[PDB]
């Protein structure tokens, strides 16, 4: 029942993706949008179902076709999200809030909470979304976006680029340390927090230019309105995180968390970091996934095993597959 992960694009050239077949349309009542401007934009152009509920294969196809996200990155991100936020029996994932549209729920402690669920995939120090502690981890936030604009003005000549990314990533960390007593910055989120800052430079820049300089009109169009610029061409080749090394080198951090009070950031030696990427995969499967499904029945175990094989297809060569359910 779970479809096979799509393979890479047969033709990965730049092309018009804001085309007649994929027009932007406003949200209808019930349409779900969430913390990811990429998926949101794909849904609002009909690369994904416009109500924001999709299969993993639909998501992989959409991120490749609409933005030229590369295949391994698409597979890893999509199956990680599906394993912790999606319905494994119906093969459906919400790109935002929890919804009955993903079908009958599995037993607790699984939450099938969509991408909005804090602490499974989604986490703190996002760029244009607030921390979950402050009440809303998914809607566009104007104040946070205006800080992104200010950091683009100060470090990118008015454009968002990897230098801006390195300064803003660290600012959002510092602000969470100072204000969120529950701030968590370990393991999966420690990786995605750096990766996500490269995506506007690598994937929201029109592919005919591909110069890594994102202007603020296009930025607002994607980040707030889920809308491709008029005449938007996708990137001219598959990519995801290239340049993340610049973001890390700007302000190298250790994984850690506040310990129930502000300004109490405490390094966690059990966390993976960029020196142990295989450990991040192993903890995601052995701890995060297994904690949601500690003792699955037969149909759920088979769906878990299938999606865990698919997830491993997106893991970088050199890691070893782990089997929490045999």
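Numbering follows the first chain given and starts at 1.
In this entry, 102 to 110 has the higher mean Cα B-factor, the comparison being between 102 to 110 and 150 to 158.
Once the C-alpha B-factors are averaged per stretch, 282 to 290 and 47 to 55 rank with 282 to 290 first. Remark: of 40, 68, 299, 271, 299 shows the highest value [criterion: C-alpha B-factor in the PDB entry]. Within the listed group 129, 97, 171, 208, the record reports its top CA B-factor for 208.
In this PDB entry, the Cα temperature factor of residue 61 sits in the middle third of its chain's modelled residues.
Ranked by C-alpha B-factor against the other modelled residues of its chain, residue 135 falls in the lowest third. Sorting the modelled residues of the chain by their CA temperature factor places residue 227 in the middle third. Residue 33: CA B factor lies in the lowest third for its chain, per the PDB record. Placement of the Cα temperature factor of residue 316 within the chain: highest third of the modelled residues, per the deposited record.
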